[PDB]
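Just the one chain here, laid out as structure tokens, in the form deposited in one PDB entry.
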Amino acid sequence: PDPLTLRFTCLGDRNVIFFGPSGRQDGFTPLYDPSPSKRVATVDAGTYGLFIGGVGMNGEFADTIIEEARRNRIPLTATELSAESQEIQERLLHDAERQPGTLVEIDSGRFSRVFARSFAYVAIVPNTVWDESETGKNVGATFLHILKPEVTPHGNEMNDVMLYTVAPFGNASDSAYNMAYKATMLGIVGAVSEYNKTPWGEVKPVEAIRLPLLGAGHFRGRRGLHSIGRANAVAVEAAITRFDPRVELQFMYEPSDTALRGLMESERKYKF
């Protein structure tokens, strides 16, 4: 996948990477590289039920974790990972909702074979400023996990951080959709910002985040991809402005290049 790099003055003159098509179906970008130069945390396009598994990118995350587990000789099945990830992330979201804008935490490594430590963060309490009936439930919920070495992709120490986030369903009205999308992006960037400030951030910082086009695929419903590119672009602008982060942004590939086009439009709008 060609890492196309473009500078954005609307994002404080930051370089953003937009991976081109890979050899895989629909040019799907790999979750993690076998030989990374920096610590990239990839953001799982999560489900409203908060499990790791199933289909789409979420399924690829599960397959990757399970394959590495089997490789390192651990009895980990799809149902184990689905249920455990679900349990941990349900509990953490409850804690996160008690204290919006704060990074909450539990030592999952004490009882898990997959997760060493687990975090959560919400910019806005779900179902308060929008209705979960149109967006889906647990929208904006953002989780960050330090993976155990025995499930770390490609067995590389630098690939042992992942994120998991829940995007708004596309059939939500524009007003609610855009608002939820921004809240979600704030959750991602806020979680990283807050996490890098902790002692864990001294040892295992997130130096870049690899993002899909959130809300795409199965979460689209009837919504047009253009409206999603714009929602993402504007959400990214607000998040960068809020946290002014050092973290590098990378966007995974999908055939319509909507993530790129949305931000190109934001750049054009900013520069004129």
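Numbers follow the displayed sequence, beginning with 1.
There is also a form solved in complex with a small molecule; it is not shown, and the following applies to it.
For the three marked residues, 125, 140 and 187, no heavy atom of any sits within 4.5 Å of the small molecule in the deposited bound form. The stretch from 32-40, 242-250, 53-61, 200-208 that comes within 4.5 Å of the small molecule in the deposited bound form, counting heavy atoms only, is 53-61. In the deposited bound form, the small molecule stays beyond 4.5 Å of every heavy atom belonging to residue 229. Proximity of residue 257 to the small molecule in the deposited bound form falls outside the 4.5 Å heavy atom cutoff. Remark: residue 218 counts among the residues lining the small molecule in the deposited bound form, judged by a heavy atom distance of 4.5 Å or less. Using a 4.5 angstroms limit between non-hydrogen atoms, residue 45 touches the small molecule in the deposited bound form.
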